[PDB]
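Numbers and lists here come from the model and the stated rules, or from a named source; nothing here is a laboratory result. Methodologically, a virtual Cβ is constructed for each residue, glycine included, from the backbone with ideal geometry; neighbour enumeration extends over all protein chains shown.
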Amino acid sequence: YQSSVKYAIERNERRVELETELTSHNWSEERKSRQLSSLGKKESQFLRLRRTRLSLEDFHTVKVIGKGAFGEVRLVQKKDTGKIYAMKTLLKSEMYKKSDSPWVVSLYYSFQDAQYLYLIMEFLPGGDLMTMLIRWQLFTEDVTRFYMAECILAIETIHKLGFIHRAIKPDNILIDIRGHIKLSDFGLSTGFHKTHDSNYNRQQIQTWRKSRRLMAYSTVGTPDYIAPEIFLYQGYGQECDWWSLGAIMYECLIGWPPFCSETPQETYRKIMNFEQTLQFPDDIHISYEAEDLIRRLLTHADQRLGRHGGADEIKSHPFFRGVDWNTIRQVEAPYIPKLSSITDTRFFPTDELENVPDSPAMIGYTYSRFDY
Amino acid sequence: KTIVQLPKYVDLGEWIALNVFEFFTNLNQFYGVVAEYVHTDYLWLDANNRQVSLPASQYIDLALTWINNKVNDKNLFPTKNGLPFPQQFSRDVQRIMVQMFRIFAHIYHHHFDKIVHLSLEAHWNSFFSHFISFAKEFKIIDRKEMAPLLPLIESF
Ligand SMILES: Nc1ncnc2c1ncn2[C@@H]1O[C@H](COP(=O)(O)OP(=O)(O)NP(=O)(O)O)[C@@H](O)[C@H]1O
């Protein structure tokens, strides 16, 4: 009853909303006279729509798909109709920071509980590029060229919407039913590696780096890009994500990421070095142009003399013989997910983990236009 | 004026069921202002043994919550799909409109006192001017139960 002039400051935007919505109704009178046509009863029926009401439990959960710190993602069928949706669980406090393009996962609308935000997405049946690299370490060469490119165009779109991902990873990239690639988006999920760490029987480097894949994750987030301008300071720009590409590119071809450090802090370290710390292994197979790319991806993000200045010119690399860059989205995919159903989770590590140091423990549509 | 009038080519039922849904929510944020702290009259809920006397305001809690129960119902208020509504709501919505008129009125008679010290008055003025204009427009409320509002109404 101190802040109850909040019912004042709100109820204006309540009247405000209420007004435009109705001047919107007058989007009618569209009036094609370019028709000498009917007559013939009427072509106008307006349902209209609704802001209705909603909730959880209006979705049956099928299986869990993946997990993250803020929360899990999920495969859900809407109880109401039946459908399949990618469902994201997020968190309100405590967690901080208080469209239209073929390339990125589709967030349609959102809704929330007491402590968790809920996101509803088109569901990608094909796992991610994390669980792929695992499945068969991509025997690549040409496999990789495809899954790049498709990555570039993904990325080059995002930048052109004035956005920098600053999260580009094996697990942050998803495979669709044609086995093509869409990246979704950071969600926006957050957190940072800073400032710096202080402490002060193998038989194969491959086998040694195979001390990777550690406790699922459910803690994370590791440097599978982390260009080294992020740590340190305020910075970046579009060139942020190209480093993540070379980071990534290097891994499908080599068998680990460049800086793979066996502790989460020996990256930064190595990565803060590269130069010295970048090394391609003695398991031989890489092209002269394929290596050339990585190094020019993985160099300093440097402007001044240079440009990059990029985002095409990457396409101008010899590493890409063809293709058109046009016909790309219809092309037979390196792996086309073979599925048992519209519910096949076959491509995800259903696992078990279940740890959320969060719970004690124990809707709206005010939108504008209409799909689809 | 133009706002509450049924828009061109909209089913009235939606247009009504939305409009009544807006209104409940607004009165309640307004009583949300007046939360706690608390001629003649008419009292109701009969027969049941009910409808007696002595609300002395501060009842309002179990009064509004029946709308809460009536307007959240799946079958009375078909949010779902294009499944239609019984339209007997036209009777029911008249109740929820008139039962809503009670707290409107009760807030006017006794508790309008505290409102003006907040300089939020014009808000409730308009919103109240909002409620009548709509339901009177659609004749959702008869002229005989507007008797307490009759001296306040005609100011125009
Ligand atoms: N739209 C989707 N469709 C299918 N699977 C998805 C979708 N979104 C996320 N996933 C899966 O869930 C995993 C991670 O979810 P995510 O939203 O990325 O968690 P996070 O903590 O927000 N971000 P991340 O650090 O990558 O886990 C992905 O790697 C996928 O396996």
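If you check A:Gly82 against the conditions, is it more than 14 Å from the ligand (Cβ to nearest atom) and not hydroxyl-bearing (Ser, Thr, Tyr)? Taking the combined requirement at face value, the residue satisfies it.
Can you pull out every residue in the range B:6-16 that is within 9 Å of chain A (Cβ to nearest Cβ) and not aliphatic (A, V, I, L, M)? Residues satisfying the conditions are B:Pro7, B:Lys8, B:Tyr9, B:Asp11, B:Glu14, B:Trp15. The condition of being closer than 18 Å to A:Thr277 by Cβ and in contact with a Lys or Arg (Cβ under 8 Å, 6 or more places away or on another chain) holds for only one of A:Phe186, A:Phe231, that being A:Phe231. Just one of the listed residues (A:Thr263, A:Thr267) is in the same structural domain as A:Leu133 (by CATH), in contact with a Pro (Cβ under 9 Å, 6 or more places away or on another chain) and part of a loop (DSSP other than H, G, I, E, B), and it is A:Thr267.
Given the condition within 14 Å of chain B (Cβ to nearest Cβ), in a helix (DSSP H, G or I) and surrounded by fewer than 13 Cβ atoms within 10 Å (Cβ to Cβ), answer yes or no: does some residue in the range A:22-43 qualify? Yes, the range A:22-43 contains a residue that is within 14 Å of chain B (Cβ to nearest Cβ), in a helix (DSSP H, G or I) and surrounded by fewer than 13 Cβ atoms within 10 Å (Cβ to Cβ). Does A:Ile230 satisfy being buried (at least 16 other Cβ atoms within 10 Å of the Cβ) and either within 16 Å of the ligand (Cβ to nearest atom) or not in a helix (DSSP H, G or I) (or both)? For A:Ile230, the condition - buried (at least 16 other Cβ atoms within 10 Å of the Cβ) and either within 16 Å of the ligand (Cβ to nearest atom) or not in a helix (DSSP H, G or I) (or both) - is met. In a residue-by-residue description of the range A:124-136, the property of being part of a loop (DSSP other than H, G, I, E, B), away from the ligand (no atom under 16 Å from the Cβ) and under 22 Å from A:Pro334 (Cβ atoms) applies to at least one position.
Does the range A:69-76 include one or more residues that are under 28 Å from A:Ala216 (Cα atoms), part of a loop (DSSP other than H, G, I, E, B), touching a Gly at 6+ places or on another chain (Cβ under 9 Å) and aliphatic (A, V, I, L, M)? Within the range A:69-76, one or more residues are under 28 Å from A:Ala216 (Cα atoms), part of a loop (DSSP other than H, G, I, E, B), touching a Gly at 6+ places or on another chain (Cβ under 9 Å) and aliphatic (A, V, I, L, M).
Taking the range A:257-295 as the range and being loosely packed, with under 14 Cβ neighbours inside 10 Å and of a type in the set (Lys, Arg) as the test, only A:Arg295 passes. A:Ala69 satisfies every condition listed in (1) within 11 Å of chain B (Cβ to nearest Cβ); (2) surrounded by 12 or more Cβ atoms within 10 Å (Cβ to Cβ); (3) not basic (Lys, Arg) except (1). Of all the numbered requirements in (1) more than 14 Å from chain A (Cβ to nearest Cβ); (2) exposed (fewer than 13 other Cβ atoms within 10 Å of the Cβ); (3) within 21 Å of B:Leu149 (Cβ to Cβ), B:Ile60 misses one, and that requirement is (2).
One residue stands out in the range A:44-61 among those that are away from chain B (no Cβ under 13 Å) and among the hydrophobic types (A, V, I, L, M, F, W, C): the one that is surrounded by the most Cβ atoms within 10 Å (Cβ to Cβ), namely A:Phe59.
Close contacts from the range A:88-105, counting a first residue that is over 15 Å from A:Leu174 (Cβ atoms) and a second that is exposed (fewer than 10 other Cβ atoms within 10 Å of the Cβ), with Cβ to Cβ under 9 Å and a gap of 6+ residues or different chains, come to A:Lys92/A:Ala114; A:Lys97/A:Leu188.
When the range B:115-129 is limited to residues that are surrounded by fewer than 18 Cβ atoms within 10 Å (Cβ to Cβ) and either in a helix (DSSP H, G or I) or among the hydrophobic types (A, V, I, L, M, F, W, C) (or both), the one that is nearest to the other protein chains (Cβ to nearest Cβ) turns out to be B:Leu118. The single condition from (1) within 12 Å of the ligand (Cβ to nearest atom); (2) within 28 Å of A:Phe192 (Cα to Cα); (3) part of a loop (DSSP other than H, G, I, E, B); (4) touching a strand residue (DSSP E or B) at 6+ places or on another chain (Cβ under 7 Å) that A:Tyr108 fails is (3). For the range B:17-52, a tally of residues being more than 10 Å from chain A (Cβ to nearest Cβ) and either surrounded by fewer than 16 Cβ atoms within 10 Å (Cβ to Cβ) or in contact with a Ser or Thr (Cβ under 8 Å, 6 or more places away or on another chain) (or both) returns 15. Name every residue in the range B:82-114 that is β-branched (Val, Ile, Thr) and either buried (at least 19 other Cβ atoms within 10 Å of the Cβ) or assigned to a loop (DSSP other than H, G, I, E, B) (or both), in order of residue number. If the condition is that a residue be β-branched (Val, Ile, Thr) and either buried (at least 19 other Cβ atoms within 10 Å of the Cβ) or assigned to a loop (DSSP other than H, G, I, E, B) (or both), then B:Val93, B:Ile96, B:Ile103, B:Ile107 are the ones that fit.
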